[PDB]
Amino acid sequence: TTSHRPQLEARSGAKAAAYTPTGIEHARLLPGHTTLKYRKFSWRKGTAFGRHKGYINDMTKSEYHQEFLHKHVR
Amino acid sequence: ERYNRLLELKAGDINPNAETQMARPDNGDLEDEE
Amino acid sequence: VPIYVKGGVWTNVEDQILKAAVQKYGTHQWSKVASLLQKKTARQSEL
Amino acid sequence: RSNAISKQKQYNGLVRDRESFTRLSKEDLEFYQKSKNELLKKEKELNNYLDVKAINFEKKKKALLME
RNA sequence: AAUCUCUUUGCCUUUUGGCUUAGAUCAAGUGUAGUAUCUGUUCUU
RNA sequence: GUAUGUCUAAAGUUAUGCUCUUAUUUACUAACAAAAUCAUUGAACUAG
């Protein structure tokens, strides 16, 4: 099917510039901030093991991401 | 297979390895199902 | 008549349909490929 | 009731029969076997070709080493 | 000096037009009907 | 069963081998269908 398309070019505002507009009043265009501001001017020896014997620019491999995965996947 | 040959089923059995076996030739009369 | 366990031996005809199907659907649509085969599942076609 | 049971038994039988392709028919086992036995024939033939000249290798070695 | 057809080179000339959780899941069914379809037999050729 | 789309057709007159007969196989489609074991009970009900 061809109805699913990438954009070849974006719609230009020049088209709307020629249209005759309507008088709808939008809530976001109501008066607000009407004034501008200006600047001035032995138990330890019986085991086989023991003492007796970083940022990188790649999210998917940063330690932060690894600990996130270890924390949320179990 | 090579390891075995380098160290030197049955009717009604399930073949566990069927996906790796050689293809059975099409005999000249194709069955209606095929 | 239903078929609950699929498999058996791969015939040549099945291999040829599988190859034609892969040429069309690629290698990530094994259910669509197996849908053309009567005796084989998606996982068996992928294998 | 006996009828309905017998017919469900027969249809179950048809299903059990229809799934027989999942097993190795004797014709599948024979088909692999020949490939094994004709592979062993190839191996025998090649090995015979190898050792039918490997024994005579010393006689030609002596002949070539003369000059 | 001017035609026609080959062959190579160039041109590709009806020569894959987005996105997400591969977007998701499913592929067991009776009667009758509808459409397409299959083997065979005579017939057409 | 929808969304939704299409149709509605005179008059209210504008001057000049390859097929066929036919018995099957297979697939798809059907808001078509009250189908006999497992004092009478699916029963008018389901849609993006």
Side-chain angles (χ1 to χ4, degrees), chain A residues 1-19 22 28 56-74, chain B residues 9 11-21 23-34, chain C, chain D residues 1-28 31:
Chain A
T1 179
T2 61
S3 56
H4 315 337
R5 292 302 208 185
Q7 181 179 64
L8 300 183
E9 61 166 2
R11 166 47 163 247
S12 176
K15 293 193 165 189
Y19 291 5
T22 62
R28 286 170 178 190
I56 53 97
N57 178 34
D58 186 349
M59 293 186 178
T60 67
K61 60 169 64 90
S62 67
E63 52 77 50
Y64 160 71
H65 180 75
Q66 295 192 55
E67 294 288 48
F68 167 95
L69 287 180
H70 304 149
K71 176 179 173 185
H72 299 89
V73 191
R74 298 201 178 287
Chain B
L9 37 270
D13 201 10
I14 301 174
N15 185 359
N17 312 131
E19 279 67 51
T20 72
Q21 247 72 99
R24 197 212 288 153
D26 43 328
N27 54 292
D29 302 357
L30 272 74
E31 299 285 27
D32 296 333
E33 289 72 25
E34 291 191 312
Chain C
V1 59
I3 312 293
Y4 299 124
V5 183
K6 281 179 182 179
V9 303
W10 280 87
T11 75
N12 178 47
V13 180
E14 294 172 317
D15 287 351
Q16 302 311 320
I17 293 171
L18 186 161
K19 285 194 297 180
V22 170
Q23 293 181 62
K24 191 184 179 85
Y25 306 126
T27 77
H28 305 301
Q29 295 186 276
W30 294 111
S31 66
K32 211 166 191 72
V33 170
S35 180
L36 297 191
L37 306 180
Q38 293 176 344
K39 301 183 190 299
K40 272 48 165 197
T41 67
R43 177 47 52 67
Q44 288 157 197
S45 305
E46 179 177 39
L47 276 163
Chain D
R1 166 175 171 189
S2 187
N3 173 58
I5 291 169
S6 73
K7 293 204 191 305
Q8 289 286 16
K9 284 174 173 179
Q10 291 169 25
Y11 186 88
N12 282 291
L14 293 174
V15 174
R16 301 200 95 133
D17 174 55
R18 194 59 54 198
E19 294 184 317
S20 57
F21 73 79
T22 60
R23 313 306 147 114
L24 276 350
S25 72
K26 58 188 176 180
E27 301 177 299
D28 305 323
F31 161 61

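Naming convention: chains lettered A, B, ... in sequence-line order (proteins, then strands); numbering from 1 in each chain. In what follows, every heavy atom counts, from backbone to side chain, and hydrogens, waters and symmetry copies are set aside.
Evaluation of the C1'-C2'-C3'-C4' torsion of F/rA34 gives a negative value and hence a south sugar. For F/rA44, classification of the furanose by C1'-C2'-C3'-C4' yields a south pucker, on the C2'-endo side. Sugar pucker at E/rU21: north, on the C3'-endo side, as the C1'-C2'-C3'-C4' dihedral is above zero. Using the sign of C1'-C2'-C3'-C4' as the criterion, E/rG18 is classed as a north pucker. Sugar conformation, E/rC26: north. The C1'-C2'-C3'-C4' torsion carries a positive sign.
With a ring-centre distance below 5.5 Å and an interplanar angle below 30°, F/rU24 is stacked on F/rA23. Using a cut-off of 5.5 angstrom for ring-centre distance and 30 degrees for interplanar angle, F/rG12 is classed as not stacked on F/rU13. With centres closer than 5.5 angstrom and planes tilted by less than 30 degrees, the six-membered rings of E/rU7 and E/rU8 count as a stacked pair. Stacking annotation: E/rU20 and E/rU21 not stacked (criterion of six-membered ring centroids under 5.5 angstrom and interplanar angle under 30° not met). Legend: stacked base step between E/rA33 and E/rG34; six-membered ring centres less than 5.5 Å apart, planes less than 30° apart.
Taking the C1' atoms as reference points, E/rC43 lies 8 Å from F/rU19, given to the whole Å. Nucleotides F/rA23 and E/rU45 are separated by 25 Å at their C1' atoms, to the nearest Å. F/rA33 and E/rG29 have their P atoms separated by 23 Å, given to the nearest Å. With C1' as the reference atom, F/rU41 and E/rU20 are 49 Å apart, rounded to whole Å. Taking atom P on both F/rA47 and E/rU16, the two are 46 Å apart, rounded to the nearest angstrom. If you take atom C1' in F/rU6 and the same atom in F/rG48, they sit 22 Å apart, rounded to whole Å. Look at the P atom in both E/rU37 and F/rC18: the space between them is 16 Å, to the nearest Å.
Contact between B/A23 and D/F31 at its shortest, heavy atoms only, is O-CZ, 3.3 Å. Nearest heavy-atom pair across D/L24 and B/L9 is CD2-CG, 3.6 Å. Smallest separation of non-hydrogen atoms from C/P2 and D/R18: O-CG, 4.3 Å.
Rounded to the nearest 0.5 angstrom, A/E67 CD and A/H72 NE2 are separated by 11.5 Å. Put simply, CD on D/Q8 and CD1 on D/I5 are 9.5 Å apart, with the number rounded to the nearest 0.5 Å. Taking CD from A/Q66 and OG1 from A/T60, the interatomic distance works out to 9.0 Å, rounded to the nearest 0.5 Å. Interatomic distance, C/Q38 CD to C/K40 NZ, rounded to the nearest 0.5 Å: 10.0 Å. In this structure, the separation between CG on B/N15 and CD on B/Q21 is 4.5 Å, given to the nearest 0.5 Å. Taking NZ of D/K9 as the reference point, atom CZ of D/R16 lies at 13.0 Å (rounded to 0.5 Å).
If you check residues 30-38 of chain C against RNA chain E, the residues with a heavy atom closer than 4.0 Å are C/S31, C/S35, listed by number. Of the residues in residues 5-26 of chain C, none has a non-hydrogen atom less than 4.0 angstrom from any atom of RNA chain E.
A salt bridge between C/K39 and C/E14 is absent, with no side-chain N of the basic residue lying under 4.0 Å from a carboxylate O of the acidic one.
Taking the six-membered ring where the residue is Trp, A/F68 and A/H65 present parallel rings, their angle staying beneath 30° rather than reaching 60°.
Taking atom NZ on C/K39 and atom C1' on F/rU26, their separation rounds to 14 Å, with Å as the unit. Put simply, CD on C/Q29 is 16 Å from P on E/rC26, counting in whole angstrom units. Computed from coordinates, the B/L30 CG to E/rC38 P distance equals 15 Å when rounded to whole Å. Atom CD of B/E34 and atom P of E/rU39 are 15 Å apart (whole Å). D/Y11 places its OH atom 11 Å from the P atom of E/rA28, with the value rounded to the nearest Å. In this entry the distance linking NZ of C/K40 with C1' of E/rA27 reads 17 Å, nearest Å. With rounding to whole Å, B/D32 atom CG is found 12 Å from F/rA27 atom P. Protein atom CD of D/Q8 is 13 Å distant from nucleotide atom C1' of E/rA28, rounded to whole Å.
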Tabulate atom names and distances for all N/O pairs under 3.5 angstrom spanning the protein and nucleotides 14-18 of chain E.
unit_1: E/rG17; atom_1: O2'; unit_2: A/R5; atom_2: NH1; d: 3.0
unit_1: E/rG17; atom_1: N9; unit_2: A/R5; atom_2: NH1; d: 3.3
unit_1: E/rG17; atom_1: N2; unit_2: A/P6; atom_2: O; d: 3.0
unit_1: E/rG18; atom_1: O4'; unit_2: A/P6; atom_2: N; d: 3.3

Can you name the atoms? Protein N/O to nucleotides 35-37 of chain F N/O, anything below 3.5 Å, with the distance.
unit_1: F/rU37; atom_1: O4; unit_2: D/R1; atom_2: NH1; d: 3.2

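E/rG23 adopts an anti glycosidic conformation, its chi angle falling more than 90° from 0.
Counting heavy atoms from C-beta outward, C/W10 and B/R24 have side chains that stay 4.5 Å or more apart. Residues B/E34 and C/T11 have side chains in contact (heavy-atom distance under 4.5 Å, counting atoms from C-beta outward). Side-chain contact between C/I3 and D/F21 is present, with heavy atoms from C-beta onward closer than 4.5 Å.
In RNA chain E, runs of at least 3 stacked Watson-Crick or G-U pairs (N1-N3 plus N6-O4 or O6-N4, or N1-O2 plus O6-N3, all under 3.5 Å) give these stems: E:32-36 with F:26-30.
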Result block: side-chain N/O donor-acceptor pairs under 3.5 angstrom for residues 15-32 of chain C, not counting sequence neighbours:
unit_1: C/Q16; atom_1: NE2; unit_2: C/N12; atom_2: OD1; d: 2.9
unit_1: C/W30; atom_1: NE1; unit_2: C/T27; atom_2: O; d: 2.9

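Listed nucleotides: F/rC38, E/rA22, E/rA28. Nearest to the side chain of D/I5: F/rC38.
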Given the rule in the side chain to side chain contact (heavy atoms under 4.5 Å, CB included) test, do B/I14 and D/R23 qualify, once you have shown the distances and angles that lead to the verdict? CA-CA 5 Å; B/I14 301 174; D/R23 313 306 147 114; 3.7 Å; yes
